[PDB]
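Peer 1:
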Amino acid sequence: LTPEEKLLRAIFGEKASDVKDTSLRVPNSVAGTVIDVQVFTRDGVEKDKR
Amino acid sequence: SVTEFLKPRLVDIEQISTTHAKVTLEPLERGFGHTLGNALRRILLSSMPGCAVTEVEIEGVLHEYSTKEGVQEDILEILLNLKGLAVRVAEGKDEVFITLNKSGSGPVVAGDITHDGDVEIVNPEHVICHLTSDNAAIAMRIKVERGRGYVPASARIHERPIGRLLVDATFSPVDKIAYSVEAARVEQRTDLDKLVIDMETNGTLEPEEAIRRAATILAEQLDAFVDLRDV
Amino acid sequence: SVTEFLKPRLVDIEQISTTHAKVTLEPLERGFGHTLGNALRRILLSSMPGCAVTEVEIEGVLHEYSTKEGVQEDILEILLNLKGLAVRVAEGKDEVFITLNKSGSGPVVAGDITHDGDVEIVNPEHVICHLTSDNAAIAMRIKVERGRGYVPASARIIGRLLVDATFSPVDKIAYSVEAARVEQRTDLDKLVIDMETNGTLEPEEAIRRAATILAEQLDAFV
Amino acid sequence: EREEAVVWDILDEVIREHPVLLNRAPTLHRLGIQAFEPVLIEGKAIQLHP
Amino acid sequence: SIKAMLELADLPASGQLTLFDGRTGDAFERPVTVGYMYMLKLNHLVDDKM
Amino acid sequence: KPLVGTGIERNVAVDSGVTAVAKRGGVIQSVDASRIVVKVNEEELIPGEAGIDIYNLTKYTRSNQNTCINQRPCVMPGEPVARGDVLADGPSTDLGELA
Amino acid sequence: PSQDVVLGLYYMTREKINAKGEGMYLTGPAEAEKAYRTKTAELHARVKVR
Amino acid sequence: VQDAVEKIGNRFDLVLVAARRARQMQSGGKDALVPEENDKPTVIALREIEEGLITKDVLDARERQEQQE
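So the sequence lines, in the order shown, correspond to chains G, H, R, Y, F, B, D and E.
Counting in the UniProt record's numbering, the first sequence runs from 895 upward without gaps.
Mapping of the second sequence onto the UniProt record's numbering: residues 4 to 161, 166 to 238, in sequence order.
Mapping of the third sequence onto the UniProt record's numbering: residues 4 to 160, 169 to 233, in sequence order.
Counting in the UniProt record's numbering, the fourth sequence runs from 402 upward without gaps.
Counting in the UniProt record's numbering, the fifth sequence runs from 1193 upward without gaps.
Counting in the UniProt record's numbering, the sixth sequence runs from 697 upward without gaps.
Counting in the UniProt record's numbering, the seventh sequence runs from 502 upward without gaps.
Counting in the UniProt record's numbering, the eighth sequence runs from 6 upward without gaps.
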C-alpha cells in the first residue's frame, strides 16, 4: 500500500481484500437472454446447489 | 372570389370492410387536393395513436426461446402472432390486462380472450396458437398499452420478474394510405376538385376520427407559422 | 400523451434584405419538416392571392412577334419586363388600367406610369424599355388584375398582347430539413426556409398568410 | 460507464472542433488518410462523404 | 413467358410502374422498375465489426 | 421461400440433413414443437416392431458461427406421410425448400 | 463528382423538343425554378432566360 | 485555411506558430485577441493569424518583453 493509502485506511478503517473479483460478465454492447447454464465439476469436488 | 377559398367538408365515408375505408372531402380548389392529400397521408402514416400488446406472461415459461408441451408453435412464434392482435381500448385507459385460458386440441384464436368489457377485439379469427393434444392447456396474461409509433422492447427505459416477456409494439393502426384527386361537380364551376382517401387499417381506428386527428395535428403545427415570431 | 407533439421552440428570422429572409424552426417531429415545407411551398407558389400585369396594348403593334421602330427591346422582351412589375391594387378592385406614355431617348422605366391613386408601384426604377430615337414615342395601356399563383400566357390562350401573370408575390422559396436533437432524441427535424418576395409583401407576412390559408382549409375537421 | 446525459453533452463539447483521422487500407497514396470534423451520429457505422 | 405472367396478373408488360415521392407526393418523371427480389442478410454485421 | 427459384432448393434442404425426413411412411400420431410421433403403415413394419417412429427436434442450438439451429414442425396430427416427406424444417428451410 | 450526381446533372441539363413551356421568356433562374415547381415548364424546355 | 497560409506563406510554419499560440492560450494564462465564439485554442490561433495579429516575430517580441520584465 502506498503511504497515502495507509493514511486513508487509518482515517476510514475498511479493509477487505482477501479475494479479488474475477467474474464472468456479459461483454459490452451485448444484451440477451440466458437460455442454458451447464456446470461441469471435477470428479472429487463438491457439487454446489445449482 | 379570389381572396376567399372554399373549405372542404366530409361528404362521404364508405366502409368497404372492417379494415378498409374511403373518405371523400369536397370541395377543394386547384392544387389544394394534392397539398391536403400529401399532408394527411404523411400525418396518418406516422402519428396515429393506437393500442398494442407490450407484455405477455405464460405459465411455466421463462423465455421466448423454449417450447411448451402440446403447443405446436414456439413461444417466439406465439409472441409474433400476438403482435398482430387488433385491440380497441376504451377512452381513459392507457393500460389493460386481458387473459387467455384454453385447454384441448384446436386453434387458440383471439376470440378466446377474456376481457372486462373495456376492451374490444376486432379480429376474433386471428390465430394465436395451436394445441395439438387433449391434455394440452395454455394460460397467458397479456398487457395492452396505448401509444403512438413503434416502440421496440430494447428502447423501453429500464424490477422485472423472470417470465414476463416484452413484445415490440407497433401502436399505429394505419397500414396503407392512398389518395386521389378527381373532378367535382359543384354548382357551375369546373375548377373544384374532390379528394378521396383510401385507408387500410387494422380496424381499431375509425376513418372520420383519423381524418380529424390528422387535421388537428396539422393545424397545431401550423400555428407556429401563423404566429411567426422570434422565440 | 398520444396527442402531445413537439412544437417549435427556437424560431430564428434572419433578414438579408427587405425582400429576402431565412426562417429556421427547430425542433420538429420526424417527417414534419418536409410536410410543412412542401405544403407552404405549394401554397405560396400556386395559390397565394396577389395583383399582377396580365394584358397590354401598344400603339402600332398587333402581334407579339411584330417589330416596333425606335425601341431597342423587342416586343417579347417588353412583355418580359412588364412581368416583373411589383404592383399593389387597393382592396375592392379586381381590375385596373394604367397607362405609360413617353417620348424621347433613354430608359423608359416603371416610375413613368400614371394611375388613378388605387395603384402603387413598389419598384419605380424597373426598366420597361429603351427608346433609341428622339422621334420615337411609346404608348402602352397596361391591365392589372387580381389572381392566385403563376398563370402563364399559354394557359390563357384584337391587338392585345398577353403577359405571364405573376400574381403571387413570392419570387423564390426553398426549404431544407436538417437534423435536430432534444435530449437524446437525435431524429428530430429542423426546417430552414429561404424566401424572397417581389417587394409587395415581407417574407414573414407571406409565410403567415400561407399558413393561415392552410389552417382555414382544415376548419371543418378540427 | 453509466452513460449519463451530461456525459453526452461533455462529449459534444469535446468533439466540437477536434479533427479526427480516417484511413482505409491499402493506403496507396497520402489521400488514403484524411482529417475530418466529426459529427456524432446514432449508429455503429462511419458516415463518409461521397 | 415473363410478359405473359405479368399480363395474367394485370400488371404492366414492361415491369415499370409510376411511383410518387412520399416526401412531396409528386410523380417521378419516368416509370420505375418495381418488383420483388430475394435478398439475404450476410454474416457481416456492424455489431461484430465496430 | 424464394418466389423465383431454380428447382434445386428441395435437394439442398433434404440432402443437407437439417430437416426431419420420414424414415417410414404412416400417419402422424402426435405433433409438438419438440417431438413428432409417426404411426407407421402396416406394410412397412419389421415383424415384431413397436410400430412408431419418434423424431426429437433440435431447438435453439448454437451453430459454429454463433447462429441459431432450430427445427419447426410442418405437419398436423392425423396427416398422412410417406417416406422421404419433410416433417420438420431446419434453419433456412420452408416446407422442405431452401429459404 | 461521379455516378448519381453526374447522372442528375446530366438529366437536368438535357434538351427536349416540344417540351411543356417551350419558347417561354424567363426573368432569371429563380423564375425558371418557379415555373418548374408550378408544372408550367419541364426541366428540358427550351426557353430564353435573362 | 487559405487566408492563414497567405498571411504566413508556409503551411508548416503556420502550424508551428499556431501551436505556440494555442499553447499560450491553453497552458499559459494568455487571453485571446479576438472574440472566442466558443472555439478551441487551435481555431482561435488560426483566426488570430488570419487577422494578422499573431506572427512569429510578434511572438518572439512578446517573449522578449516578458523576459525583460
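The C-beta atom is built at its ideal place from N, Cα and C for all residues, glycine as well.
Starting from the beta carbon of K535(D), find every residue of chain R whose beta carbon is closer than 9 angstroms, and list them in chain order.
Peer 2: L48, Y153, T177, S179, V181, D182, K183 and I184
Peer 1: Give the residues of chain R in contact with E227(H), contact being defined as C-beta atoms less than 8 angstroms apart.
Peer 2: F8 and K10
Peer 1: Residues bridged to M206(R) by DSSP?
Peer 2: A24(R) and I184(R)
Peer 1: Between which residues of its own chain and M772(B) is the CB-CB distance below 8 angstroms, once the five residues before and five after are set aside?
Peer 2: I724 and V727
Peer 1: Please tell me whether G1227(F) has its Cβ less than 9 angstroms away from any Cβ of chain H.
Peer 2: Residue-level contact check: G1227(F) does not touch chain H, since none of the beta carbons of chain H fall below 9 angstroms from its beta carbon.
Peer 1: Is it the case that the Cβ atoms of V122(R) and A93(R) are separated by a distance below 9 angstroms?
Peer 2: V122(R) is a Cβ neighbour of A93(R), given a cutoff of 9 angstroms.
Peer 1: Which residue's Cα is closest to the Cα of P52(R): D230(R), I141(R), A217(R) and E17(R)?
Peer 2: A217(R)
Peer 1: For a contact defined as C-beta to C-beta under 7 angstroms, what are the partners of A406(Y) on chain R?
Peer 2: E194 and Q195
Peer 1: Any beta carbon of chain Y sitting closer than 9 angstroms to that of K1233(F)?
Peer 2: Taking Cβ atoms only, chain Y never reaches closer than 9 angstroms to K1233(F), which makes this a no.
Peer 1: Out of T6(H), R12(H) and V5(H), which one is the CA nearest neighbour of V193(H)?
Peer 2: The candidate whose alpha carbon is nearest that of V193(H) is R12(H).
Peer 1: Should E532(D) go down as buried or exposed, given a rule of 16 or more other Cβ atoms within 10 Å for buried?
Peer 2: Under this definition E532(D) is a buried residue.
Peer 1: Determine the extent of the beta strand (DSSP E) in which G509(D) is found, giving its start and end residues.
Peer 2: Run containing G509(D): none in the beta strand (DSSP E); it sits in the alpha helix (DSSP H), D505 to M513.
Peer 1: By the 10 Å Cβ neighbour count, where 16 or more other Cβ atoms means buried, how is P46(E) classified, buried or exposed?
Peer 2: Buried, by the Cβ-count rule.
Peer 1: Would you kindly check if the distance between the Cβ of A176(H) and the Cβ of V188(H) is under 9 angstroms?
Peer 2: No, they are not a contact pair.
Peer 1: Going along chain H in order, which residues have a C-beta closer than 7 angstroms to the C-beta of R149(R)?
Peer 2: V5
Peer 1: By DSSP's criteria, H133(H) is part of a beta bridge. Which residues make up the other side?
Peer 2: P110(H)
Peer 1: Closest to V112(H) by C-alpha separation, out of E227(H), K96(H), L85(H) and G63(H), would be which residue?
Peer 2: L85(H)
Peer 1: Identify whether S1193(F) lies in helix, strand or coil by the three-state DSSP scheme.
Peer 2: DSSP places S1193(F) in the coil class of the three-state scheme, outside both helix and strand.
Peer 1: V64(H): which of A226(H), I16(H), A140(H) and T197(H) sits nearest, CA to CA?
Peer 2: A140(H)
Peer 1: Taking DSSP's pairing of strands, which residues face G53(H) in a bridge?
Peer 2: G150(H)
Peer 1: Should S136(H) and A925(G) be called a contact, given that it needs their Cβ atoms to be closer than 9 angstroms?
Peer 2: no
Peer 1: Would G721(B) and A778(B) be called neighbours here (beta carbons separated by less than 9 angstroms)?
Peer 2: yes
Peer 1: Three-state secondary structure (DSSP) at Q73(E)?
Peer 2: Taken through DSSP and simplified to helix, strand or coil, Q73(E) comes out as helix.
Peer 1: Report the residues of the region 412-426 of chain Y with a CB closer than 8 angstroms to any CB of chain R, ordered along the chain.
Peer 2: Correct list: empty, as no residue qualifies.
Peer 1: So is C770(B) buried or exposed if we call it buried at 16+ other beta carbons inside 10 Å?
Peer 2: Looking at its Cβ environment, which holds 16 or more other Cβ atoms inside 10 Å, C770(B) is buried.
Peer 1: Considering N126(R), what are the terminal residues of the alpha helix (DSSP H) in which it resides?
Peer 2: Note, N126(R): premise wrong, no alpha helix (DSSP H); not H, not E.
Peer 1: For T789(B), is the classification buried or exposed, using 16 other Cβ atoms within 10 angstroms of its Cβ as the cut-off for buried?
Peer 2: buried
Peer 1: Going by other Cβ atoms of all chains shown within 10 Å of its Cβ, with 16 needed for buried, is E67(H) buried or exposed?
Peer 2: buried
Peer 1: Considering only their Cβ atoms, is the gap separating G792(B) from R731(B) smaller than 9 angstroms?
Peer 2: no
Peer 1: For a contact meaning CB atoms closer than 7 angstroms, what does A446(Y) contact in chain F?
Peer 2: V1238
Peer 1: Output, in sequence order along the chain, the residues in the region 48-68 of chain H whose CB is closer than 7 angstroms to any CB in chain G.
Peer 2: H66 and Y68
Peer 1: Evaluate contact between the region 67-82 of chain H and the region 29-48 of chain H, counting only Cβ atoms and requiring at least three cross-stretch pairs below 8 angstroms.
Peer 2: no
Peer 1: In the DSSP output, what is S726(B) paired with across the bridge?
Peer 2: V733(B)
Peer 1: Of all the residues that make up the region 43-66 of chain E, which are near chain Y by a beta-carbon distance shorter than 9 angstroms?
Peer 2: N43, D44, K45, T47 and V48
Peer 1: Give the DSSP-derived three-state secondary structure of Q29(E) in the structure shown.
Peer 2: helix
Peer 1: Helix, strand or coil for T223(H)? Go by DSSP, reduced to three states.
Peer 2: helix
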